[PDB]
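# Chains, contacts and geometry: an overview
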Amino acid sequence: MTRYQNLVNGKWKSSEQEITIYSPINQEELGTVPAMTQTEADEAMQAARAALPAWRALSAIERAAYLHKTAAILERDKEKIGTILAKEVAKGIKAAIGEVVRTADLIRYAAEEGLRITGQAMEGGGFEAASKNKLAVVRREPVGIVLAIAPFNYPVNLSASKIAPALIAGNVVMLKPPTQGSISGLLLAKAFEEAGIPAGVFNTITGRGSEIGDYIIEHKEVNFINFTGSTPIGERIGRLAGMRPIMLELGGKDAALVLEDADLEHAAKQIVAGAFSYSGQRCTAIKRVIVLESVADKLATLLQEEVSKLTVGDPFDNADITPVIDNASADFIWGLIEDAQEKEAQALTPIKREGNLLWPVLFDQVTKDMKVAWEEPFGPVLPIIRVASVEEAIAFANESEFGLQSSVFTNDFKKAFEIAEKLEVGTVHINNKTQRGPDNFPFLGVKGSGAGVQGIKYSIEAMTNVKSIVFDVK
Amino acid sequence: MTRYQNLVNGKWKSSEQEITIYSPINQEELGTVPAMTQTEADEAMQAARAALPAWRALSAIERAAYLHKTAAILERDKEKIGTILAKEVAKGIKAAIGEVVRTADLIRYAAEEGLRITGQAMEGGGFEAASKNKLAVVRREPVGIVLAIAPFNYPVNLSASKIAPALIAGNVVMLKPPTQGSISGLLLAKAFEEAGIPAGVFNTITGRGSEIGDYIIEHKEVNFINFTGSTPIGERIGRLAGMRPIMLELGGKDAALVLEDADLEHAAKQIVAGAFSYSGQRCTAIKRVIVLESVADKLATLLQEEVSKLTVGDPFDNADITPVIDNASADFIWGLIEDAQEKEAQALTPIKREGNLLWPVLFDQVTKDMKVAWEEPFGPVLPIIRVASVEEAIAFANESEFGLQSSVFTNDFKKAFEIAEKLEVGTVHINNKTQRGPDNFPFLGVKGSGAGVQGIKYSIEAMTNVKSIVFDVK
Amino acid sequence: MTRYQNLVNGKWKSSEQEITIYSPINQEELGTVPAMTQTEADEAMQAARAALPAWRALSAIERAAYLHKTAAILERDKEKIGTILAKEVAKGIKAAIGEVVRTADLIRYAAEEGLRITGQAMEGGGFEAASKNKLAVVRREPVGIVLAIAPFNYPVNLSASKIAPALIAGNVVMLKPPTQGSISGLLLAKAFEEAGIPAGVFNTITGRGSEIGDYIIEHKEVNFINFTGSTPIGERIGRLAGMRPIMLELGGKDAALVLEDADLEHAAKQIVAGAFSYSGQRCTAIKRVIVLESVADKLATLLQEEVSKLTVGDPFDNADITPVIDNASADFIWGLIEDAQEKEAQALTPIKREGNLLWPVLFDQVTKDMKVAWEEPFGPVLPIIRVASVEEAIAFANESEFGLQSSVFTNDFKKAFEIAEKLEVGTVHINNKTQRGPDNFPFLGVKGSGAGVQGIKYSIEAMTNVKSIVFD
Amino acid sequence: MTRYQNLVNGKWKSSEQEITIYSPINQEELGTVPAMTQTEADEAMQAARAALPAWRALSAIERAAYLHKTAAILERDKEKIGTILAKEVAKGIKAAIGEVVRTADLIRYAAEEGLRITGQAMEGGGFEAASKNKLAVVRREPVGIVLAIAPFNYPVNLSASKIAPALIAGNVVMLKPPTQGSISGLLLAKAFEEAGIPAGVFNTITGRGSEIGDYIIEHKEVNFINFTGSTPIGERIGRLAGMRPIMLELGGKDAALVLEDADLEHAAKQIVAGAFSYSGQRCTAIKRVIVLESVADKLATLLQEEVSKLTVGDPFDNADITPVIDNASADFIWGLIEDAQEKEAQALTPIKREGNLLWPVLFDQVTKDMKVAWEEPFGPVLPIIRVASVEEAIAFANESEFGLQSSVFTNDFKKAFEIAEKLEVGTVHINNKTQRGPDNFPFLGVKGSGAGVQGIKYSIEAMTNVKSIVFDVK
Ligand SMILES: NC(=O)c1ccc[n+]([C@@H]2O[C@H](COP(=O)([O-])OP(=O)(O)OC[C@H]3O[C@@H](n4cnc5c(N)ncnc54)[C@H](OP(=O)(O)O)[C@@H]3O)[C@@H](O)[C@H]2O)c1
Ligand SMILES: NC(=O)c1ccc[n+]([C@@H]2O[C@H](COP(=O)([O-])OP(=O)(O)OC[C@H]3O[C@@H](n4cnc5c(N)ncnc54)[C@H](OP(=O)(O)O)[C@@H]3O)[C@@H](O)[C@H]2O)c1
Ligand SMILES: NC(=O)c1ccc[n+]([C@@H]2O[C@H](COP(=O)([O-])OP(=O)(O)OC[C@H]3O[C@@H](n4cnc5c(N)ncnc54)[C@H](OP(=O)(O)O)[C@@H]3O)[C@@H](O)[C@H]2O)c1
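Residues numbered from 1 in each chain as written, not as in the entry; some residues may be left out. Chains lettered and ligands numbered in written order. Heavy atoms only, no water.

### Quick look at the nonpolar core
All names here are of chain C.
- The biggest cluster of nonpolar side chains holds 92 residues, and the ones touching the most others in it are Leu147, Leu167, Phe202 and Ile225.
- With 10 residues, helix 4 (residues 93-113) is the largest single contributor of residues to this core.
- For this core, the domains that each give at least three residues are domain 1 (6-250 + 450-471) and domain 2 (254-438).
- Residues within four places of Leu147 in sequence aside, it is in contact with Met45, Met174, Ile216, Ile217, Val222, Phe224, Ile225 and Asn226. (Core = buried A, V, L, I, M, F, W, Y, C linked by side-chain atoms within 4.5 Å. Buried < 20%, exposed > 50% of the residue type's maximum accessible area, 1.4 Å probe, protein only. Helix = DSSP H or I, 4+ residues; strand = E, 2+ residues; numbered from the N terminus. Domains from an automatic or database assignment. Contact = heavy atoms within 4.5 Å.)

Encoded structure:
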């Protein structure tokens with residue numbers, strides 16, 4: 001019933017074509033988002049380019065006032081936004097409200113962090129005596145139009161993590177929310193417009209990525225692409241962008257290296273909390289357990305009982321395991337489970353499917369040959385791999401096509417640091433589950449898990465151009 | 001006569017196919033460089049990948065010792081290297097020796113700057129109280145194999161500006177010197193090998209870029225591409241690299257905005273020194289003069305007499321204007337001159353050509369329609385454009401397809417700063433000619449003049465991966 | 001009538017001895033502040049030392065929540081606080097309310113700036129190969145108890161500029177507001193307590209500095225002294241503190257170097273705005289005009305007419321020139337004026353006194369021998385000095401016993417930068433009046449104008465101890 | 001026999017009064033240093049003040065060239081300087097040569113670190129919108145004349161650690177070497193003058209600190225006091241300096257907190273290596289062992305055998321334990337030993353004295369009441385204290401009048417970090433002996449162990465004044 005519209009040039013626009021959004025919980029029609037045509041995307045880019053000069057000419061504090069007001073409105077409407085978000089991405093209702101609250105906190109932190117970007121005043125005298133009187137005043141300037149593309153699992157938090165760092169830096173933002181999540185992206189736009197953001201400073205583009213995505217990625221006006229999504233689409237986007245700056249937050253098959261001298265109870269608690277949070281539908285989540293021979297059986301028992309503790313059901317009952325986003329994802333996860341069963345994997349938990357609602361599957365005795373050891377199921381499946389030495393554990397963790405994060409569970413932290421710089425990942429957590437963590441911490445992946453460093457400071461700095469001004473002081 | 005070989009795995013290798021290098025001065029055969037096949041490039045990448053672990057496992061100071069020894073050997077052999085460099089790229093002999101000396105100084109500065117890369121120790125308590133006990137130890141780690149590709153005009157200095165920042169960071173370097181300049185790149189390799197660099201840490205790939213370039217750009221092992229060259233090739237490289245990190249230092253049509261309240265004598269001296277240094281064959285050089293109506297005639301007179309002061313002839317006579325690199329470049333520059341003459345441009349200096357040896361041409365009354373106003377001639381041609389206001393000057397400077405650098409000549413520095421952040425360039429020089437400057441200063445271009453920030457600190461940092469290690473301090 | 005009490009250990013305490021506060025405007029009794037005894041100061045230090053562990057154990061964000069709430073309460077009560085502040089330091093009422101608003105903004109900025117203090121993770125491999133496997137995790141930790149002592153002219157803003165950077169860093173603060181200004185300091189404490197600051201985290205000590213000041217400066221518990229005041233007291237405090245860390249923001253005789261190629265109208269506007277703001281009772285204010293021979297007459301004419309534009313009267317009429325703080329300050333300023341008149345200084349403006357209410361005096365033809373050329377009058381007097389060259393201008397600016405700030409007025413900014421690093425000051429303003437500026441900018445003096453670098457980032461960092469943790 | 005002279009105004013000056021230097025080894029006359037009068041100190045300050053402008057007007061790289069030449073000359077003359085240093089402070093000959101080598105390396109690192117001091121370019125727009133157009137160019141400028149005062153144990157290394165960071169920053173240095181060590185300070189001056197340092201840039205003041213020290217501390221010209229010495233003199237200096245900036249590196253009674261889950265063999269090796277290096281005559285050395293009840297006996301046995309391994313004798317035989325500096329120090333250490341024996345301390349090693357040559361004494365069962373538990377013996381005595389809990393260990397470590405450094409020996413590094421921020425010291429070493437470490441690491445003490453942060457970067461920055469230049473960018 002409810003018509004949703006895109007924020008273009010500060011006013012709400014509908015489109016001729018439309019996409020109907022169905023709840024993953026029970027196929028309930030939640031609304032309709034506009035399927036913008038190519039010319040409407042051109043008009044939205046026009047508006048952003050026209051609004052860029054006045055936005056960039058504001059003070060940093062005047063720019064941050066809008067972000068603070070947006071955060072206040074998000075906090076005020078957290079219940080409604082979280083309810084619709086829970087209905088739309090099959091997220092736990094209280095977890096969805098928590099996502100809205102963390103989004104507000106991220107917007108506030110980004111607003112207050114973009115006020116303190118300090119440049120440099122370099123002297124040439126340290127490099128050569130001929131240049132002793134040269135002073136370079138190095139500062140940061142907006143790249144221009146930032147195109148933010150968000151994934152389904154966090155269409156509010158991972159949209160704001162691109163919008164707020166871009167907006168406080170002086171850029172104007174073009175938001176492309178995921179189709180299953182476009183309602184939540186348009187509610188974030190609802191809040192941004194209610195906060196009084198100037199017309200054209202923040203715009204939304206809704207539509208299928210398979211049809212509108214390439215046009216807006218290759219667009220003339222886009223000066224920066226901040227994309228969070230699957231590796232197949234991230235590779236295509238980084239290949240289509242060419243020379244323009246990009247951030248990619250792609251897939252990740254994060255490992256949990258459990259060593260012999262590890263607190264197996266804490267390790268199991270952390271691994272299950274990270275692995276099966278939001279039905280395994282976080283990309284920064286333990287997707288592999290690489291455990292040595294000695295402690296493998298005890299860790300498998302503890303992991304299996306912890307997975308057995310998980311509640312599986314409706315998002316509004318705050319179930320730990322909720323339905324996966326759509327039927328195709330469930331089919332892919334089921335195919336990985338079937339492959340693992342084919343190759344004699346010890347299923348440590350019941351394997352039941354009720355359509356989208358898959359039950360948490362813990363696999364033991366996983367080898368190289370099962371696709372679940374490599375492919376990111378992006379669902380409630382956790383393979384347990386047994387290795388003989390720390391060298392084999394590091395080798396197996398590094399054979400992945402992914403480098404987002406990893407976690408090392410051990411008591412000797414000197415060995416944990418050694419493994420940490422031997423691991424080809426962007427972040428290593430010692431005795432803790434992998435997570436994006438405090439959003440001031442750097443967040444990056446390396447080997448096909450991304451391209452660029454993000455986190456609030458790093459994303460604010462990376463969506464800006466350095467401009468040096470060199471003059472003579474004597 | 002003289003056979004030259006590529007440094008592969010610490011030993012010198014020749015190839016079946018060969019490229020003969022002819023002096024641009026008089027078509028003198030200077031030697032032969034190997035035209036490496038695809039499998040030889042594979043072997044060189046193999047060697048770099050194998051040598052990466054031991055190189056990265058060294059101390060920063062042990063790594064910098066090799067760079068200091070290389071700089072000492074370069075200083076020792078500056079006369080021979082500069083003589084062959086002057087013969088090979090038709091550079092002034094004393095200017096070539098100066099390039100070798102600046103290369104040694106750059107290697108020393110990069111070696112001493114990579115010793116001081118300090119990480120961060122971040123706390124989560126400022127973002128959220130739940131994470132008050134989290135500590136992220138953020139540091140830098142090598143990307144891996146850095147593929148450096150150099151242009152002809154500075155095959156030693158712009159090779160070392162990619163090698164030394166990469167080597168001190170812990171990366172291994174694959175050098176692709178330009179074919180007209182490969183001899184000088186192999187002499188830089190000569191010095192690097194004599195300094196005792198470990199086998200496989202620094203390798204060279206010689207051959208035509210049109211045939212070996214795409215293979216090594218798209219190679220499996222290359223973890224970073226540092227390319228300096230023309231914009232057409234830089235766009236292709238940034239498009240072929242896809243998701244891998246790149247630096248591009250592409251073309252630049254730098255402008256010299258001369259305002260009414262400017263020191264026209266100093267402005268003219270600086271503009272001619274920057275524009276016609278090395279026959280206009282520097283990319284960071286004044287290629288446009290955008291001068292207001294009031295001072296245009298006086299500036300044109302001063303510029304024309306300064307260009308008339310220039311000596312045109314042999315590189316070993318230290319002529320200000322030397323032969324351009326090859327016949328194709330001379331033909332392109334001549335075509336631009338012919339277009340300007342077609343469209344009624346006031347040639348302020350004699351227009352004579354003796355093959356590669358073109359004479360400095362100063363054009364006045366240049367409009368939008370002449371290709372010399374837009375295309376980078378990369379030669380001894382300097383168009384003078386007249387505009388009516390500062391707004392038109394800024395608009396015309398920003399209409400270019402390039403954003404490397406610009407210089408603003410005026411006496412009111414407050415207006416100079418205003419213009420400086422209105423200019424869509426990477427660096428603005430106030431009352432000075434554009435230059436790469438002290439190599440600690442940031443050097444970047446924006447609008448198709450590059451992708452990334454370079455300069456010794458920035459290039460050291462940008463050829464490294466961030467690695468965060470997060471643990472509990474409780 | 002109104003009894004005021006000190007915030008000690010989160011509860012309000014009165015003292016046996018008392019100080020009565022009289023309005024500099026009309027000697028109106030504004031209230032009474034407690035004259036704390038030595039043992040009461042000991043008890044307050046006890047409370048701060050006891051509250052330090054729990055305060056330091058909070059998150060930075062939990063600590064900043066209290067500062068944000070304090071800023072909100074200050075914004076809410078700006079009218080009342082500014083009214084009492086205007087009555088108490090004879091500041092313009094709208095200027096006083098503006099001071100309260102800037103105080104709230106400073107508290108907010110310090111709270112949000114102390115959340116982002118990031119340490120370092122250093123490696124030993126760049127220094128020596130033997131230490132390639134050593135990692136130093138360098139971070140910041142509170143010094144402990146910070147003793148903040150404020151001057152009269154900004155008893156709210158210059159109190160918060162020491163409290164908020166100290167509180168967000170994890171320190172507990174002992175505030176000593178000026179006696180003429182202690183009411184405003186206790187209103188700032190009123191707001192800090194209403195915001196819910198934990199008991200003992202923020203305490204106030206009221207009393208005469210001449211009697212309680214040395215005891216609390218030399219106290220056992222004080223781990224840091226942040227003092228803003230006159231140079232004679234700052235020298236004594238830096239000498240009594242001994243080895244403990246200190247910040248001093250002492251006197252400053254800031255100069256306005258006006259060169260020949262200068263915009264004399266803009267220069268005169270800026271010089272008069274800086275020099276006679278709050279009756280010259282700001283320490284970061286133009287107190288000297290050093291102008292070359294060529295433009296001296298034009299600059300003197302423009303300066304004299306700008307000073308003639310100034311309104312002199314009641315603070316609640318928002319007069320540009322208000323009564324000076326007390327009779328002793330007026331006597332000192334009058335003595336400097338009398339010396340200048342003795343030595344044949346061209347008084348360019350009327351010289352009238354109505355007790356505390358002095359009228360803005362612009363002096364020309366000032367030489368070395370007049371005390372107004374050197375001594376900080378801290379009042380509405382602006383000497384104009386004429387020099388023959390830029391070298392003499394720089395020399396005369398550097399002969400001062402002060403190094404707070406200076407301003408260079410010229411059109412050639414390359415020459416302005418040259419003069420700027422030839423000037424022995426902490427900050428040089430080019431074509432602008434001297435000011436503390438945006439409180440993120442560094443603020444320091446050098447040659448007896450202070451000791452240390454302040455400004456929100458620098459004050460947050462300088463009230464903390466570095467702690468390195470080195471492991472393999 | 002050999003007359004030594006002070007470097008004043010670039011030329012060598014003798015004094016009427018003289019101090020004879022006697023070797024602590026065998027009371028051998030090593031030479032005579034001038035006992036400068038007050039007027040000679042005035043003349044030296046005059047020379048420094050006169051040479052300050054030209055020194056400060058040099059390029060940073062021109063300033064660093066002199067430091068590099070000084071380091072080269074020190075490396076060249078390391079054998080002679082180390083021989084005289086070993087004779088003069090009774091240091092091991094090979095240890096003394098190692099000190100000279102580390103001094104050269106410190107001078108080189110400080111020279112290359114002072115070239116890279118980069119300022120800031122701050123904008124007012126983040127604080128208030130009214131100041132959006134203000135730019136502060138914040139940089140560092142020399143304080144002026146730096147008065148460096150060195151202690152006896154490292155009269156070369158701890159002199160250069162004040163001279164090189166001061167000289168590279170643009171300051172001129174007034175060196176006051178210790179009387180027992182003034183010969184080595186004048187040899188460091190020998191090298192500085194041979195390197196060609198400009199006249200008056202580096203001067204030396206020799207004489208008794210008890211007579212010339214207060215005059216030069218309270219001097220008019222001294223703009224900064226960098227003092228390393230005992231706490232009684234440091235308190236006096238910080239009290240006499242008043243408002244002028246100071247660094248103090250005072251005494252330190254560093255503790256070695258050994259917990260139950262600790263590697264007692266490694267802990268004992270590290271504790272004995274730190275505690276008895278140079279006869280306990282380093283200030284950053286383990287002077288207390290605070291060990292829990294459980295592992296106290298095993299740690300005491302291991303410590304006692306490690307101390308029994310130590311060789312006691314002549315410095316030129318490279319003995320681990322060498323004679324203490326003078327008879328008064330030996331008497332003080334003997335008094336502390338006698339007090340410990342009085343109060344029933346278990347002397348775990350032989351207690352023998354041959355004048356200055358004391359033998360390493362390891363005390364067990366040490367309580368609060370023995371002066372050796374609190375007073376810094378500054379000699380070959382190591383008390384072992386037993387405590388019941390970690391809380392008592394932290395309390396006893398914090399009851400000291402000193403806060404230089406401490407070391408925590410344990411296997412659980414999370415507990416080690418917890419103790420580390422509970423310890424009221426400047427540096428905590430985890431599973432390692434305390435040391436000044438790599439001289440890039442910060443070095444500071446807190447509770448009467450100093451005032452200020454030192455280490456090469458921190459000492460370079462702290463001997464400079466911040467200067468902000470604020471202008472309008474429009
Ligand atoms: N590392 C991280 O920070 C992080 C965090 C969370 C998730 N992820 C990743 O996100 C993925 C799941 O999200 P998803 O499946 O929704 O992402 P996806 O299908 O790969 O695409 C992500 C976003 O890009 C749009 N898109 C799709 N095709 C496109 C094209 N050809 N051109 C341009 N844009 C296009 C999508 O819109 P439509 O699909 O709605 O058309 C969606 O909004 C997982 O692979 C996970 O690894 C990464
Ligand atoms: N650079 C800056 O940032 C800055 C800014 C504003 C003002 N100032 C300076 O502030 C001065 C005017 O303030 P003022 O005259 O009120 O300051 P003051 O009399 O010199 O003393 C300043 C503060 O210290 C207290 N005090 C007085 N004697 C003391 C002692 N013996 N020991 C410890 N504390 C003592 C005072 O309290 P009581 O006097 O109430 O007892 C007052 O709160 C001017 O000289 C001006 O230069 C500097
Ligand atoms: N934390 C560190 O970095 C560190 C490192 C090493 C040593 N230390 C400390 O150094 C001390 C041992 O050295 P020391 O006994 O030679 O030092 P000291 O006697 O306390 O004095 C240190 C230096 O100051 C001079 N001096 C003496 N009296 C003075 C006065 N009244 N005014 C000014 N200067 C004066 C001394 O010269 P003369 O004595 O020759 O006259 C000597 O050069 C120990 O207490 C140790 O804790 C600290």
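### Let's talk about the relation of the copies chain D and chain B
- For the match of chain D to chain B, the screw axis carries a shift of 0.0 Å, the RMSD comes to 0.0 Å, and the turn is 180°. Accordingly, the operation relating the two chain copies is best matched by a two-fold axis. For chain D, the residue whose C-alpha comes nearest the rotation axis is D:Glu112, separated from it by 3.4 Å.
- Comparing interface residues between copies, 100% of those in chain D also sit at the interface in chain B, which points to an isologous, same-surface contact. (Least-squares fit on C-alpha atoms.)

### Section: the site of ligand 1
Residue and element names in this part refer to chain A.
- Neighbouring residues of ligand 1: 29 residues in total, closest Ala150, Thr179, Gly209, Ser230 and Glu249.
- At a separation of 2.6 Å, an oxygen atom of ligand 1 approaches a polar backbone atom of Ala150.
- Note that an oxygen atom of ligand 1 is positioned 3.3 Å from one of the side-chain N or O atoms of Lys176.
- Protein burial of ligand 1: of its 890 Å² of free accessible surface, 87% is covered by the chains.
- Where the shell around ligand 1 is concerned, the elements lending two or more residues are helix 7 (209-217), strand 10 (222-228) and helix 8 (231-241).
- Among the elements that make up the shell around ligand 1, the one with the highest residue count is helix 7 (four residues).
- For the shell around ligand 1, the per-class residue count stands at 15 nonpolar, eight polar and six charged. (Near = heavy atom within 4 Å. Polar contact = N/O pair within 3.5 Å; in protein donor to acceptor, adjacent residues only side chain to side chain. Areas by Shrake-Rupley, 256 points an atom, 1.4 Å probe, with all protein chains shown as cover. Nonpolar A, V, L, I, M, F, W, Y, C, P; charged D, E, K, R; others polar.)

### Observations regarding the domain arrangement of chain A
Residues and elements named next belong to chain A.
- Each domain of chain A was delimited in the assignment, giving domain 1 (6-250 + 450-470) and domain 2 (254-438).
- Taking the mean C-alpha position of each, domain 1 and domain 2 sit 31 Å from one another.
- At the interface, 22 residues of domain 1 touch 17 residues of domain 2.
- In total, about 1,600 Å² of surface goes out of reach between domain 1 and domain 2, with carbon and sulfur atoms giving 62% of it.
- The largest per-residue losses of area from domain 1 upon contact with domain 2 belong to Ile25, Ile93 and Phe152, which jointly make up 29% of the total buried on that side.
- Where domain 1 meets domain 2, there are one salt bridge.
- At the junction of domain 1 with domain 2, the criterion picks out six residue pairs in polar contact.
- Considering every element that reaches the side of domain 1 that touches domain 2, the biggest residue donor is helix 3 (residues 78-89), with five residues. (Buried area = accessible area lost by both parts, 1.4 Å probe. Salt bridge = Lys/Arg side-chain N within 4 Å of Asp/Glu carboxyl O.)

### Some words on the interface of chain C and chain D
- At the junction of the two partners, chain C supplies 59 residues and chain D supplies 60 residues.
- In terms of surface lost to chain D, no three residues of chain C exceed C:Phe127, C:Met243 and C:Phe441, which account for 17% of the buried area on that side.
- There are two salt bridges connecting chain C and chain D.
- The salt bridge involving D:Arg139 is made with C:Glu421; its shortest N-O contact spans 2.9 Å.
- Linking chain C with chain D are 20 residue pairs in polar contact.
- With seven residues, the top contributor of residues to the side of chain C that touches chain D is strand 24 (residues 464-471) of chain C.
- Class assignment of the residues belonging to the side of chain C that touches chain D gives a composition of 29 nonpolar, 16 polar and 14 charged.
- Sheet topology places strand 24 of chain C next to strand 20 (residues 427-430) of chain D; three bridges connect them, and they run parallel. By the bridge assignment, C:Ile469 is partnered in strand 20 of chain D with D:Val428. (Pairing = 2+ DSSP bridges.)

### Section: the sheet that holds strand 11 (residues 246-249) of chain B
All names here are of chain B.
- Overall, mixed pairing links the six strands, which are arranged 9-8-7-10-11-22 in an open sheet. The open sheet has two edge strands with one neighbour each: strand 9 (202-204) and strand 22 (450-451).
- The pairing of strand 8 (residues 172-176) with strand 9 spans three bridges and is parallel. Among the inter-strand pairings, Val173 is bridged to a residue of strand 9, identified as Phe202.
- The strands that helix 1 (residues 38-56) touches are strand 7 (145-149), strand 8, strand 9 and strand 10 (222-228); relative to strand 8, the one it contacts most, it runs at about 150°. (Axes fitted to C-alpha atoms, helices over the stretch in contact; angles between N-to-C directions.)

### Considering the interface of chain D and chain B
- Counting residues at the interface gives 13 residues for chain D, matched by 13 residues for chain B.
- Interface area for chain D against chain B, summed over the two sides, is near 1,200 Å², with a carbon-plus-sulfur share of 60%.
- The interface formed by chain D and chain B holds two salt bridges in total.
- Where B:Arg116 meets D:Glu113, a salt bridge forms, and the shortest distance between an N and an O atom there is 3.6 Å.
- The tally of links from chain D across to chain B stands at zero residue pairs in polar contact.
- A total of four residues in the side of chain D that touches chain B trace back to one element, the largest contributor, which is helix 13 (residues 413-422) of chain D.
- Its residues assigned to classes, the side of chain D that touches chain B shows five nonpolar, no polar and eight charged.

### Regarding the packing of helix 9 (residues 264-275) of chain C against helix 10 (residues 296-308) of chain C
All names here are of chain C.
- Where helix 9 contacts helix 10, the two axes come as close as 9 Å, and the packing angle between them is 45°. Here helix 10 runs oblique to helix 9, going by the angle between their axes. Seen from above, helix 9 lies across helix 10 with right-handed handedness. In this structure, helix 9 uses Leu264, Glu265, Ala267, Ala268, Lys269, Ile271 and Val272 to contact helix 10, whose residues at the interface are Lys298, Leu299, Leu302, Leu303, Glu306 and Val307.
- Here the contact of helix 9 with helix 10 is built from residues that sort into nine nonpolar, no polar and four charged. (Parallel < 35°, antiparallel > 145°, perpendicular 65-115°, else oblique. Left-handed = near helix turned anticlockwise from the far one by under 90°.)

### As for the site of ligand 3
Residue and element names in this part refer to chain D.
- Surveying the vicinity of ligand 3 reveals 28 residues, the closest of which are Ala150, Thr179, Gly209, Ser230 and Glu249.
- In the model, an oxygen atom of ligand 3 is placed 3.5 Å from a nitrogen or oxygen of the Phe152 main chain.
- In this structure, an oxygen atom belonging to ligand 3 sits 3.3 Å away from a side-chain N or O atom of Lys176.
- Protein burial of ligand 3: of its 890 Å² of free accessible surface, 87% is covered by the chains.
- Residue assignment for the shell around ligand 3 shows that the elements contributing at least two residues are helix 7 (209-217), strand 10 (222-228) and helix 8 (231-241).
- It is helix 7 that contributes the most residues to the shell around ligand 3, three residues altogether.
- The residue inventory of the shell around ligand 3, partitioned by class, reads 14 nonpolar, eight polar and six charged.

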